[PDB]
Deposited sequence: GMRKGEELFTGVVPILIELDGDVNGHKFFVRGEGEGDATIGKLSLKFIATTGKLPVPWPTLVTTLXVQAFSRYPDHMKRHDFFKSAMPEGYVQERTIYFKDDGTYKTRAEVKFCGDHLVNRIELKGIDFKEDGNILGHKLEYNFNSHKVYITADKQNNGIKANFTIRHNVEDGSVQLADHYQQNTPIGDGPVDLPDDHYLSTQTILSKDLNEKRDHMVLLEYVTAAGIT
């Protein structure tokens, strides 16, 4: 379980997307180090220019790499579901705009962790901040609130992402999340806690394809 995360783990990410009928595919690679709670990844849109801004996809595009400090180990659901993995599902409500629905499988393939995601988005406004590409290329820090869902032998989470808009306003995205283990056996159901997240988005200046370089630090807290 946790024993699979004592060192650096290579990551492959795939996202098959469809927002208001605009189809796209994103592929990411890099590495995660759960001992420090660090993720370094590069994402490419293989279908050309995205119909939505990169920041809207960040939350979707491996919380198993969160640093859980020693006293909180017993509360790390994400690692305890490995290698078989977990399903992660979300509904994301963009305030005054459309919604994303996502379903992902996060599991080991041999020595590498893979996150495979399907995303469907509906009811977005033409000129809105999302389809109008009015969101800044950056990301804020958040708290991801996690609670046990004993019925499903898993967890739920709730949080609101704050996306900065070009005109100086903020676009809120309310996230509702569920995770359930894929394989049989026991998993760790946690007491209430949160993950504190920080993310930096950048560009590779030699990369001509549409892309996003990401560095994140996440540490669990609240117990």
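Of the deposited sequence, positions 1 to 4, 66, 229 lack any modelled C-alpha atom.
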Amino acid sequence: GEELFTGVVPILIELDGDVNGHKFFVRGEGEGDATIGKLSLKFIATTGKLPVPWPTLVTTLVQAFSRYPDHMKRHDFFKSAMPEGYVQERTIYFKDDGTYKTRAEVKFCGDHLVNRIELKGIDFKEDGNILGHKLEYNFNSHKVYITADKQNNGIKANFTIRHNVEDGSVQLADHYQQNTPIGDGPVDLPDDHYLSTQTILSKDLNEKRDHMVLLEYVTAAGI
From here on, numbers count along this sequence of modelled residues.
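Where the other entries of this protein model the residues before and after it, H193 is kept in all of them rather than dropped from a third. Among other compared entries that model residues flanking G37, every one gives it coordinates, keeping it clear of the one-third cutoff. Of the two segments examined, 86 to 94 and 126 to 134, it is 126 to 134 that shows the higher average Cα temperature factor in the deposited entry. Relative to one another, 182 to 190 and 36 to 44 have unequal mean CA B-factors, and 182 to 190 is the one with the higher figure. As recorded in the entry, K49 carries the highest CA temperature factor of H163, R67, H175, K49.
In the PDB entry, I200 places in the lowest third of its chain by CA B-factor. Ranked by C-alpha B-factor against the other modelled residues of its chain, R116 falls in the highest third.
Among the modelled residues of its chain, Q151 has a C-alpha B-factor that falls in the highest third, as given in the PDB entry. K101 sits in the lowest third of its chain by CA B factor, as recorded in the PDB entry.
When all modelled residues of the chain are sorted by CA temperature factor, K107 is found within the middle third.
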